[PDB]
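**Q** my_file.csv (CSV, C-alpha atoms) pasted underneath:
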chain,number,residue,atom,x,y,z
A,10,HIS,CA,32.6,52.8,92.0
A,11,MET,CA,35.9,51.1,92.8
A,12,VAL,CA,35.9,47.7,94.6
A,13,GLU,CA,37.5,47.9,98.1
A,14,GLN,CA,41.0,46.6,97.6
A,15,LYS,CA,42.7,44.7,100.3
A,16,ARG,CA,46.2,46.0,101.1
A,17,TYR,CA,48.8,44.8,103.7
A,18,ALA,CA,52.0,46.4,104.7
A,19,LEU,CA,55.0,44.2,105.6
A,20,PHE,CA,57.8,45.8,107.7
A,21,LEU,CA,60.9,43.8,106.9
A,22,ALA,CA,63.1,44.2,109.9
A,23,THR,CA,65.5,41.7,108.4
A,24,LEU,CA,67.6,41.6,105.2
A,25,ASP,CA,67.3,38.6,103.0
A,26,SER,CA,69.7,35.8,103.9
A,27,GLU,CA,71.5,34.1,101.1
A,28,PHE,CA,69.4,30.9,101.6
A,29,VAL,CA,66.1,32.8,101.7
A,30,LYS,CA,67.0,34.9,98.7
A,31,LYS,CA,68.1,31.9,96.7
A,32,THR,CA,65.3,29.6,97.8
A,33,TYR,CA,62.2,31.9,98.0
A,34,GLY,CA,63.3,35.1,96.4
A,35,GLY,CA,63.5,36.9,99.8
A,36,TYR,CA,61.5,37.5,102.9
A,37,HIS,CA,58.8,39.5,101.1
A,38,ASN,CA,57.8,36.3,99.3
A,39,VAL,CA,58.1,34.2,102.4
A,40,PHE,CA,55.7,36.4,104.3
A,41,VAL,CA,53.3,36.7,101.4
A,42,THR,CA,53.4,32.9,101.0
A,43,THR,CA,52.6,32.5,104.7
A,44,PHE,CA,50.0,35.2,105.3
A,45,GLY,CA,48.8,36.3,101.8
A,46,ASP,CA,45.6,35.3,100.0
A,47,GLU,CA,44.5,35.8,96.3
A,48,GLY,CA,43.9,39.3,95.2
A,49,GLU,CA,45.6,41.2,98.0
A,50,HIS,CA,48.2,43.8,97.5
A,51,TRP,CA,51.3,43.5,99.7
A,52,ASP,CA,53.8,46.3,100.0
A,53,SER,CA,57.0,45.6,101.9
A,54,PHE,CA,59.3,48.2,103.4
A,55,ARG,CA,62.8,47.3,104.4
A,56,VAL,CA,62.6,49.1,107.7
A,57,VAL,CA,66.0,47.7,108.8
A,58,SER,CA,67.5,49.7,105.9
A,59,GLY,CA,65.5,52.8,106.8
A,60,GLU,CA,62.7,52.3,104.3
A,61,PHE,CA,59.3,53.3,105.6
A,62,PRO,CA,55.8,54.2,104.3
A,63,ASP,CA,54.8,57.8,104.5
A,64,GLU,CA,52.6,58.5,107.5
A,65,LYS,CA,49.9,59.8,105.2
A,66,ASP,CA,49.7,56.4,103.5
A,67,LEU,CA,49.2,54.3,106.6
A,68,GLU,CA,45.4,54.6,106.3
A,69,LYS,CA,45.2,52.7,103.0
A,70,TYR,CA,46.4,49.5,104.6
A,71,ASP,CA,44.0,46.9,106.1
A,72,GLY,CA,46.8,45.5,108.3
A,73,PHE,CA,50.5,45.4,109.0
A,74,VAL,CA,53.0,42.7,109.7
A,75,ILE,CA,56.3,43.2,111.4
A,76,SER,CA,58.9,40.6,110.6
A,77,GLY,CA,61.6,39.0,112.6
A,78,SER,CA,65.1,40.4,112.8
A,79,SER,CA,68.5,39.5,114.1
A,80,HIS,CA,68.6,42.9,115.7
A,81,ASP,CA,67.6,43.6,119.3
A,82,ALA,CA,64.2,45.2,119.8
A,83,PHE,CA,65.6,47.2,122.8
A,84,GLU,CA,68.4,48.8,120.6
A,85,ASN,CA,68.3,52.5,119.7
A,86,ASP,CA,69.3,52.5,116.0
A,87,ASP,CA,67.5,55.3,114.1
A,88,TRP,CA,65.5,52.8,112.1
A,89,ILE,CA,64.3,51.1,115.3
A,90,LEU,CA,63.2,54.4,116.8
A,91,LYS,CA,61.5,55.3,113.5
A,92,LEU,CA,59.8,51.8,113.5
A,93,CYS,CA,58.6,52.4,117.1
A,94,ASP,CA,57.2,55.8,116.1
A,95,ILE,CA,55.3,54.5,113.1
A,96,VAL,CA,54.0,51.5,115.1
A,97,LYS,CA,52.8,54.0,117.7
A,98,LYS,CA,50.9,55.9,115.0
A,99,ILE,CA,49.4,52.7,113.5
A,100,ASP,CA,48.4,51.6,117.0
A,101,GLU,CA,46.7,54.9,117.7
A,102,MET,CA,44.8,54.4,114.4
A,103,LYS,CA,43.6,51.0,115.8
A,104,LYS,CA,44.9,49.3,112.6
A,105,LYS,CA,45.8,45.7,112.8
A,106,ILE,CA,49.4,44.7,113.4
A,107,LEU,CA,50.7,41.2,113.5
A,108,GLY,CA,54.1,41.2,115.3
A,109,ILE,CA,56.4,38.2,114.6
A,110,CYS,CA,59.3,37.6,116.9
A,111,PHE,CA,61.1,41.0,116.7
A,112,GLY,CA,57.7,42.4,115.8
A,113,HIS,CA,56.2,40.9,119.0
A,114,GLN,CA,59.0,42.5,120.9
A,115,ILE,CA,58.7,45.9,119.1
A,116,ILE,CA,55.0,46.2,119.9
A,117,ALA,CA,55.7,45.3,123.5
A,118,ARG,CA,58.3,48.1,123.6
A,119,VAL,CA,56.0,50.7,122.1
A,120,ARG,CA,53.3,49.8,124.7
A,121,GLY,CA,55.6,50.3,127.6
A,122,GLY,CA,56.8,46.7,128.1
A,123,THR,CA,60.5,45.6,128.5
A,124,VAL,CA,62.4,43.4,126.1
A,125,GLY,CA,65.8,42.0,126.7
A,126,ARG,CA,67.9,38.9,126.8
A,127,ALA,CA,65.8,36.0,128.0
A,128,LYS,CA,66.4,34.9,131.6
A,129,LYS,CA,66.4,31.2,130.5
A,130,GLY,CA,68.6,31.8,127.5
A,131,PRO,CA,68.1,31.6,123.7
A,132,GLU,CA,66.0,29.2,121.7
A,133,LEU,CA,66.7,27.8,118.3
A,134,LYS,CA,64.5,24.8,117.7
A,135,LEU,CA,61.0,23.6,117.0
A,136,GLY,CA,59.2,24.3,120.2
A,137,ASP,CA,55.7,24.0,121.7
A,138,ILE,CA,53.8,26.7,123.4
A,139,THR,CA,50.9,26.2,125.8
A,140,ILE,CA,47.7,28.0,125.0
A,141,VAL,CA,45.9,30.0,127.7
A,142,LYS,CA,42.6,28.6,126.6
A,143,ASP,CA,40.7,30.7,129.2
A,144,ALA,CA,41.8,33.8,127.3
A,145,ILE,CA,40.5,32.7,124.0
A,146,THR,CA,37.0,32.8,122.5
A,147,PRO,CA,35.8,29.6,120.6
A,148,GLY,CA,35.2,30.5,117.0
A,149,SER,CA,37.7,33.4,117.1
A,150,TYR,CA,41.3,33.2,115.6
A,151,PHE,CA,42.1,29.8,116.9
A,152,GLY,CA,39.1,28.1,115.4
A,153,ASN,CA,36.1,26.5,117.0
A,154,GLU,CA,38.3,24.0,118.9
A,155,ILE,CA,41.1,25.6,120.8
A,156,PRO,CA,44.3,23.5,120.9
A,157,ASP,CA,46.1,22.9,124.2
A,158,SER,CA,49.4,23.5,122.5
A,159,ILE,CA,50.9,24.6,119.3
A,160,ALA,CA,54.2,23.7,117.6
A,161,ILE,CA,56.2,26.7,116.4
A,162,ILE,CA,59.7,27.4,115.3
A,163,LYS,CA,61.7,29.4,117.8
A,164,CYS,CA,64.7,31.5,116.9
A,165,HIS,CA,65.3,34.1,119.5
A,166,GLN,CA,67.6,35.2,122.3
A,167,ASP,CA,65.3,37.9,123.7
A,168,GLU,CA,61.9,37.9,125.3
A,169,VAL,CA,59.3,40.2,126.7
A,170,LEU,CA,60.6,40.5,130.3
A,171,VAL,CA,57.9,42.9,131.4
A,172,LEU,CA,54.5,42.6,129.6
A,173,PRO,CA,52.6,45.9,128.9
A,174,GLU,CA,49.8,46.3,131.4
A,175,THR,CA,47.3,46.3,128.5
A,176,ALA,CA,48.4,42.9,127.1
A,177,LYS,CA,46.6,39.6,127.4
A,178,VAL,CA,48.9,36.5,127.4
A,179,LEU,CA,47.5,33.9,125.0
A,180,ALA,CA,50.4,31.4,125.3
A,181,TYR,CA,53.4,30.7,127.3
A,182,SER,CA,56.1,28.0,127.7
A,183,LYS,CA,58.2,26.7,130.5
A,184,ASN,CA,61.1,29.1,129.8
A,185,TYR,CA,59.2,32.1,128.3
A,186,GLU,CA,56.2,33.6,130.0
A,187,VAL,CA,55.1,35.5,126.9
A,188,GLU,CA,54.9,33.3,123.8
A,189,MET,CA,51.9,35.0,122.3
A,190,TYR,CA,49.8,38.0,123.4
A,191,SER,CA,47.2,40.5,122.3
A,192,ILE,CA,46.5,44.1,123.0
A,193,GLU,CA,42.9,45.3,122.5
A,194,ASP,CA,41.5,44.0,119.2
A,195,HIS,CA,44.2,45.2,116.8
A,196,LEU,CA,47.6,44.0,118.1
A,197,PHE,CA,48.5,40.3,118.0
A,198,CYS,CA,52.0,39.1,118.7
A,199,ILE,CA,53.9,35.8,118.5
A,200,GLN,CA,57.4,35.2,119.8
A,201,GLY,CA,58.1,32.3,117.4
A,202,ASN,CA,58.4,32.5,113.7
A,203,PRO,CA,55.3,30.9,111.9
A,204,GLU,CA,56.8,31.9,108.6
A,205,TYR,CA,59.8,29.8,109.1
A,206,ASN,CA,60.2,26.1,108.1
A,207,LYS,CA,62.6,23.3,108.7
A,208,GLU,CA,64.8,24.4,105.7
A,209,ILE,CA,65.1,28.0,107.0
A,210,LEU,CA,65.8,26.8,110.5
A,211,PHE,CA,68.4,24.2,109.6
A,212,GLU,CA,70.3,26.7,107.4
A,213,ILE,CA,70.5,29.2,110.3
A,214,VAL,CA,71.7,26.4,112.6
A,215,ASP,CA,74.4,25.4,110.2
A,216,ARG,CA,75.5,28.9,109.7
A,217,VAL,CA,75.6,29.9,113.4
A,218,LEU,CA,77.5,26.7,114.1
A,219,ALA,CA,80.0,27.5,111.4
A,220,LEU,CA,80.5,30.9,113.0
A,221,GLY,CA,81.3,29.3,116.3
A,222,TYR,CA,78.3,30.8,118.0
A,223,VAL,CA,77.0,27.4,119.2
A,224,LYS,CA,78.4,24.0,119.8
A,225,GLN,CA,78.0,21.1,117.5
A,226,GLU,CA,76.0,19.4,120.2
A,227,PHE,CA,73.6,22.3,120.5
A,228,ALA,CA,73.3,22.4,116.6
A,229,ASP,CA,72.5,18.7,116.7
A,230,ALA,CA,69.9,19.1,119.5
A,231,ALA,CA,68.3,22.0,117.6
A,232,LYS,CA,68.0,20.1,114.4
A,233,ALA,CA,66.8,16.9,116.2
A,234,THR,CA,63.7,18.9,117.2
A,235,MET,CA,62.5,19.0,113.6
A,236,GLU,CA,63.9,15.7,112.2
A,237,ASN,CA,60.5,14.0,112.7
A,238,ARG,CA,58.0,16.8,113.3
A,239,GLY,CA,57.1,20.1,111.8
A,240,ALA,CA,55.4,23.3,113.1
A,241,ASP,CA,51.7,23.5,113.0
A,242,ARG,CA,52.0,25.6,109.9
A,243,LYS,CA,48.4,25.4,108.6
A,244,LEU,CA,47.1,26.3,112.0
A,245,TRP,CA,49.4,29.3,112.2
A,246,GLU,CA,48.3,30.5,108.8
A,247,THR,CA,44.6,30.2,109.9
A,248,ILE,CA,45.2,32.0,113.3
A,249,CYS,CA,47.3,34.8,111.8
A,250,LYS,CA,45.0,35.3,108.8
A,251,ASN,CA,41.9,35.2,111.0
A,252,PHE,CA,43.5,38.0,113.0
A,253,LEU,CA,45.1,40.1,110.3
A,254,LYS,CA,42.0,40.0,108.0
A,255,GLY,CA,39.2,40.1,110.5
A,256,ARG,CA,37.9,36.8,109.1
A,257,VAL,CA,36.3,35.7,112.4
A,258,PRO,CA,34.9,37.5,115.5
A,259,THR,CA,37.5,39.2,117.6
A,260,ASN,CA,38.8,37.3,120.6
Starting from the file, lay out its structure as structure tokens.
**A**
Amino acid sequence: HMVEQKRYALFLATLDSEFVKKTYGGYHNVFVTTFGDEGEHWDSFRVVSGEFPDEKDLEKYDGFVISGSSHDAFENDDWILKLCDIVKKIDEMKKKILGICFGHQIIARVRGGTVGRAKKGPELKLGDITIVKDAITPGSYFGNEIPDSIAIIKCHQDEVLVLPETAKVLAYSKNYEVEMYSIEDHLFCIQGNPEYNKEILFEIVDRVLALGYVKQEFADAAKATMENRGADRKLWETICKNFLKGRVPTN
């Protein structure tokens, strides 16, 4: 009989930026580099462009990842509605979804939460989130020794303003009450972008500065957060893979 193949679906809620296309070949590659392991089959679907799996094919996937986006997760574009519908279906199937940034926000929306512009304003920087260690099982996604804090790239202007009643907050920060959360055993959401790196961040900063969206001094302060430190990238890959591939007991 056939071996059980491992299949993951990536919902690309962003187009490929010029820098990401040139440097990495696009976000598919970025996501697979971050979360993929040898021998898995990753299908991506450019949901932002209205490309979706068929509902009948959802069962073949072992897990789903929803990417970041420049779009607002509270908007009502047809593709966002369709994304919410398909996420609702996957959620009902109890299939694993890792939501990243926009994805974190979409899952919150589907489960009755509210997303909108953050009360304390946008973040574009390397930040640190405080872990709610009391909500985390030793030897689950976060390893045997749970960190007090994790460094992650932040690139967002919106947040979960109202958490679904079914969500457990796993991390917060001074300005954002919901930096990471889980719902049941199959939904896991991070507001930051574990897939980003210094090069991706700095290129966004440069571009948004050039557009006149932020001041030079803001751009400078954003970049300064990563001049001498990086995100906890290896730890994020471990956590996310632990969750997405059920590599450790559930939390």
**Q** Contacts of residue 189 of chain A at 6 Å or less, counting only C-alpha atoms, minus same-chain residues fewer than 2 places along, as a PyMOL selection string?
**A** chain A and resi 179-180+187+198-199
**Q** Counting only C-alpha atoms, give me one row per residue of segment 166-189 of chain A with an atom at most 10 Å from an atom of segment 107-119 of chain A, showing the shortest contact pair and its distance in Å to one decimal, sorted by chain then residue number, as CSV.
**A**
residue,atom,partner,partner_atom,distance
A:167,CA,A:114,CA,8.3
A:168,CA,A:114,CA,7.0
A:169,CA,A:114,CA,6.2
A:170,CA,A:117,CA,9.7
A:171,CA,A:117,CA,8.5
A:172,CA,A:117,CA,6.8
A:173,CA,A:117,CA,6.3
A:174,CA,A:117,CA,9.9
A:175,CA,A:117,CA,9.8
A:176,CA,A:117,CA,8.5
A:187,CA,A:113,CA,9.6
A:188,CA,A:113,CA,9.1
A:189,CA,A:113,CA,8.0
**Q** What is the distance between atom CA of residue 190 of chain A and atom CA of residue 177 of chain A, in Å to one decimal?
**A**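 Result for atom CA of residue 190 of chain A versus atom CA of residue 177 of chain A: 5.4 Å, one decimal.
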**Q** Any idea what the distance is between atom CA of residue 144 of chain A and atom CA of residue 159 of chain A?
**A**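 Between atom CA of residue 144 of chain A and atom CA of residue 159 of chain A the gap works out to 15.2 Å.
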**Q** Which residue is closest to residue 29 of chain A? Choose from A:218, A:95, A:230, A:209 and count all atoms listed in the file.
**A**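 Residue with the minimum atom-to-atom distance to residue 29 of chain A: A:209.
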**Q** Using all atoms listed in the file, which residues sit within 7 Å of residue 165 of chain A once same-chain residues fewer than 5 positions away are excluded, as an mmCIF file with C-alpha atoms, in the frame of the given file?
**A**
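Output contents, as saved in result-v2.cif:
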data_model
loop_
_atom_site.group_PDB
_atom_site.id
_atom_site.type_symbol
_atom_site.label_atom_id
_atom_site.label_comp_id
_atom_site.auth_asym_id
_atom_site.auth_seq_id
_atom_site.Cartn_x
_atom_site.Cartn_y
_atom_site.Cartn_z
ATOM 1 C CA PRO A 131 68.100 31.600 123.700
ATOM 2 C CA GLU A 132 66.000 29.200 121.700
ATOM 3 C CA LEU A 133 66.700 27.800 118.300
#
**Q** Quick one: of A:89, A:210, A:41, A:192, who's nearest to residue 103 of chain A, counting all atoms listed in the file?
**A** A:192
**Q** To one decimal place, how far is atom CA of residue 20 of chain A from atom CA of residue 74 of chain A in Å?
**A**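 Atom-to-atom, atom CA of residue 20 of chain A and atom CA of residue 74 of chain A are spaced 6.1 Å apart.
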**Q** Could you tell me, as number ranges by chain, which residues have any atom at most 6 Å from (48.5, 43.8, 105.5), counting all atoms listed in the file?
**A** A: 16-18, 71-73
**Q** My list of candidates is A:136, A:30, A:14, A:252. Which is closest to residue 49 of chain A when distances are computed with all atoms listed in the file?
**A** A:14
**Q** Could you give me, as a list in words, the residues within 10 Å of residue 60 of chain A, counting only C-alpha atoms and dropping anything in the same chain fewer than 3 positions from it?
**A**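 Once the nearby chain positions are removed, what remains is residues 20, 21, 22, 53, 54, 55, 56, 57, 63, 88, 91 and 92 of chain A.
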**Q** Write the residues you've just listed into a file as a PDB file, in the frame of the given file, and include C-alpha atoms for each of them.
**A**
ATOM      1  CA  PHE A  20      57.800  45.800 107.700  1.00  0.00           C
ATOM      2  CA  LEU A  21      60.900  43.800 106.900  1.00  0.00           C
ATOM      3  CA  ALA A  22      63.100  44.200 109.900  1.00  0.00           C
ATOM      4  CA  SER A  53      57.000  45.600 101.900  1.00  0.00           C
ATOM      5  CA  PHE A  54      59.300  48.200 103.400  1.00  0.00           C
ATOM      6  CA  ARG A  55      62.800  47.300 104.400  1.00  0.00           C
ATOM      7  CA  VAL A  56      62.600  49.100 107.700  1.00  0.00           C
ATOM      8  CA  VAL A  57      66.000  47.700 108.800  1.00  0.00           C
ATOM      9  CA  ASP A  63      54.800  57.800 104.500  1.00  0.00           C
ATOM     10  CA  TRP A  88      65.500  52.800 112.100  1.00  0.00           C
ATOM     11  CA  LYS A  91      61.500  55.300 113.500  1.00  0.00           C
ATOM     12  CA  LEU A  92      59.800  51.800 113.500  1.00  0.00           C
TER      13      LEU A  92
END
**Q** Taking 5 positions as the minimum chain separation for residues in the same chain, which residues sit within 10 Å of residue 203 of chain A when counting only C-alpha atoms? Answer as a list in words.
**A**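 Returned residues: residues 40, 43, 44, 109, 110, 160, 161, 162, 163, 240, 241, 242, 243, 244, 245, 246 and 249 of chain A.
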**Q** Restricting the calculation to all atoms listed in the file, which member of A:59, A:45, A:35, A:122 is positioned closest to residue 247 of chain A?
**A** A:45
**Q** With only C-alpha atoms as the counted atoms, please give the residues lying no more than 10 Å from residue 211 of chain A, apart from itself and same-chain residues fewer than 3 positions off, as a VMD selection string.
**A** chain A and resid 133 to 134 206 to 208 214 to 217 228 to 229 231 to 233 235 to 236
**Q** Looking at only C-alpha atoms, which of A:223, A:178, A:164, A:145 is the one that sits closest to residue 258 of chain A?
**A**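 Closest to residue 258 of chain A, using only C-alpha atoms: A:145.
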**Q** Padding 8 Å on every side, please: axis-aligned box over the listed atoms of segment 96-100 of chain A, centre and edge lengths to one decimal in Å, as AutoDock Vina command-line options.
**A**
--center_x 51.2 --center_y 53.7 --center_z 115.6 --size_x 21.6 --size_y 20.4 --size_z 20.2
**Q** Out of A:97, A:213, A:82, A:15, which residue has the shortest atom-to-atom distance to residue 50 of chain A when counting only C-alpha atoms?
**A**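 So, comparing all the options, the nearest one is A:15.
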